[PDB]
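Single chain ahead, written as structure tokens, the form solved without this ligand.
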């Protein structure tokens, strides 16, 4: 049976290579990658691929790989798809490890904006987990030269990671990774997938998709949120995306709110990630 080579960029930046039958569903590849990673809490994760417009798309595990990658390479990244609001409730330390790896990339890429102090805190927990107790015999030198902590490194940031690293003596790796996540989960952009859009009056906005719902940034403020509980139906038509909201108490009619996306593929991609979040993070 005819196999296609698959390459997967792992969260540590390394490459996993395997073959799958060309008619394979995404689940087949995802299962191989998660087995490679010893990952059992798979529900939070996914593979991404890049479409012909260079846009990030989730590989639907329930659909054929060939019908998603189409004319592109069988080239994927392993990513967190659903950021858990409380990482302490994950059952396995290794799940929390992979989530830390994703957040470290979210921070360095600048997708996850972060104060100086929180960049230093997060960096100090990572160094504690991976290097263990601070070596003071080092006293002023750069044993952290290989660690990337921020979109922009400064000497002051490096100094602050080191000062905080000294304070974590005796902390074990899972402990350090749990403290990393306790800080990161509180960041206002934690787990927020951002999409360029316009409102019904043509004003530039960003739509954020996350556990808590659909966020609208009408300025550079979170000027609004639609919690998944309020949302009855998500749809797209042409370059338009719509959310149908349940009637408020005593109100006669539902409401439908409409957004303009950059093109049709961008409207469909937003609809798909909203439906997925709405299902995964729905009130039960």
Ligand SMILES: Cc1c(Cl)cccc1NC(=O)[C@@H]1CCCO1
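Think of the rigid core as the biggest set of C-alphas that the two forms share within 1.5 Å after superposition. Residue numbers count along the first chain shown, from 1.
Below, we refer to the form deposited with this ligand bound, which is not included among the displayed structures.
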Quick check on this chain: which one of 36, 233, 237, 66 has a heavy atom within 4.5 Å of this ligand in the entry with it bound?
233
Report whether the minimum heavy atom distance between residue 267 and this ligand in the entry with it bound is within 4.5 Å.
no
State yes or no: in the entry with it bound, is some non-hydrogen atom of residue 228 no more than 4.5 angstroms from a non-hydrogen atom of this ligand?
yes
Residue 18, heavy atom within 4.5 angstroms of this ligand in the entry with it bound:
no
Heavy atom contacts to this ligand in the entry with it bound at 4.5 Å, residues of 252 to 284 in sequence order:
274, 275, 278
Core-superposed comparison between this form and the one not shown - Cα displaced by 2 angstroms or more, from 224, 27, 256, 240
256
Once the core is aligned, please say if the CA of residue 86 is shifted by at least 2 angstroms between this form and the one not shown.
no
Against the rigid core, is the Cα displacement of residue 138 between this form and the one not shown at least 2 Å?
yes
Answer with closer or farther for the CA-CA spacing of residue 142 and residue 149 in the entry with it bound compared to the shown form; it moves by 3 Å or more.
farther
Closer or farther: how do the Cα atoms of residue 143 and residue 37 compare in the entry with it bound versus the shown form, where the change is at least 3 Å?
farther
